[PDB]
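A quick write-up on the structure given underneath.
Below, all heavy atoms of this structure are taken into account, side chains as well, without hydrogens, waters or symmetry copies. Along the sequence shown, residues carry numbers from 1. Atoms within each ligand, like the ligands themselves, are counted from 1 in listed order.
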Amino acid sequence: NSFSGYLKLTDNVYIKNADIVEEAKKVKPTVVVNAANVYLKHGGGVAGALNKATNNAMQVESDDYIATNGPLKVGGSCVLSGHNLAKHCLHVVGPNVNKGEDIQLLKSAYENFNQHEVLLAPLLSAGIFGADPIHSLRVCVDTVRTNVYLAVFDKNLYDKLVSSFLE
Ligand SMILES: CNC(=O)c1cc2c(N[C@H](c3ccc4c(c3)S(=O)(=O)CCC4)C(C)C)ncnc2[nH]1
């Protein structure tokens, strides 16, 4: 968990302008969070990038999990192997507001992080999931009580988030 170059926002929330895939390779954290969907189909975005970095081993493991346990619920999670990226991957489903899912489930989604002492994570429900990224950061700060290192792969969004938080 040798995270470097993060800006500490609160006692337990740190943030960096970085690609989560590159952070996972450098740090090899105990837990990396995936921004998953309920069927664990890692077809693009953050989930697609993490799967590609495991040379599709994450997708094969995920399909086997789904066959045995069924889909996740929005706001839920499951712990699977981290493969070459981390000891474990915590697949968390945040709401996709562009598909009509309830923004209130973003609190339930971040609550899953509290079962792990230290995590490397993306900003849940941001990008094409349609949530307001400044609201996502506020929910993270208000809900996560363990140590979370957020990697946001966009300098423009990183600067807006830091400015909004320090207001
Ligand atoms: C090669 N790496 C990547 O493509 C990559 C993208 C990437 C990344 N993207 C951010 C992001 C955060 C949350 C979600 C999305 C996107 S999504 O559009 O995939 C839908 C799921 C939720 C945006 C906002 C900057 N944050 C952190 N490391 C990264 N790595």
Practice problem: Rounded to the nearest 0.5 Å, what's the gap from CG on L119 to CG on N112? Could you check? | Solution: 10.0 Å

Quiz item: Going by distance only, is there an N or O of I20 that falls short of 3.5 Å from an N or O of ligand 1?
Solution: yes

Practice problem: Check each of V46, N37, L50 against atom 9 (N) of ligand 1 and report the one with the nearest heavy atom. | Solution: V46

Exercise. Identify the protein heavy atom lying closest to atom 5 (C) of ligand 1, giving its residue, its atom name and the separation to 0.1 Å.
Key: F153 CD2, 3.6 Å

Quiz item: Just distances here: any N/O of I128 and N/O of ligand 1 closer than 3.5 Å?
Solution: yes

Quiz item: Any protein heavy atom sitting closer than 4.0 Å to atom 12 (C) of ligand 1?
Solution: yes

Quiz item: Does any N or O atom in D19 lie less than 3.5 angstrom from one in ligand 1, N or O only?
Solution: yes

Quiz item: Heavy-atom distance to atom 17 (S) of ligand 1: which of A131, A126, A35 wins?
Solution: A126

Quiz item: Among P122, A151, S125, which residue places a heavy atom closest to atom 27 (C) of ligand 1?
Solution: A151

Self-check item: Residue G45 vicinity, atoms of ligand 1 by number, heavy atom under 4.0 Å
Solution: 19 (O)

Quiz item: Hey, which atoms in ligand 1 end up nearer than 4.0 Å to a heavy atom of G127?
Solution: 18 (O), 24 (C)

Practice problem: Please name the pair of heavy atoms, one in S4 and one in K16, separated by the smallest distance, quoted to 0.1 Å. | Solution: O-NZ, 2.8 Å

Practice problem: Could you tell me whether the side chain of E61 reaches within less than 4.5 Å of the side chain of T54, counting heavy atoms only? | Solution: no

Quiz item: Can you tell me how far CG of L161 sits from CG of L9, rounded to the nearest 0.5 angstrom?
Solution: 9.0 Å

Quiz item: Between CG of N1 and NZ of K87, what distance do you get to the nearest 0.5 Å?
Solution: 11.0 Å

Practice problem: Taking only heavy atoms of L123 into account, list the atoms of ligand 1 that are under 4.0 Å away from them. | Solution: 12 (C), 13 (C)

Quiz item: For ligand 1, is any non-hydrogen atom under 4.0 Å from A49's backbone (N, CA, C, O), its side chain (CB onward), both, or neither?
Solution: side chain

Practice problem: Give the minimum heavy-atom separation between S2 and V27, together with the two atoms involved. | Solution: N-CG1, 3.6 Å

Quiz item: CD1/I66 to CG/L40 distance, rounded to the nearest 0.5 angstrom?
Solution: 4.0 Å

Exercise. Working to the nearest 0.5 Å, report the span between CG of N34 and OG of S62.
Key: 7.5 Å

Self-check item: Donor on one side chain, acceptor on other, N51 and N56, under 3.5 Å
Solution: yes

Exercise. Examine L157 against ligand 1 and note whether any of their N/O atoms are separated by less than 3.5 Å.
Key: no

Quiz item: What atoms of ligand 1 come within less than 4.0 Å of a heavy atom belonging to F129?
Solution: 20 (C), 21 (C)

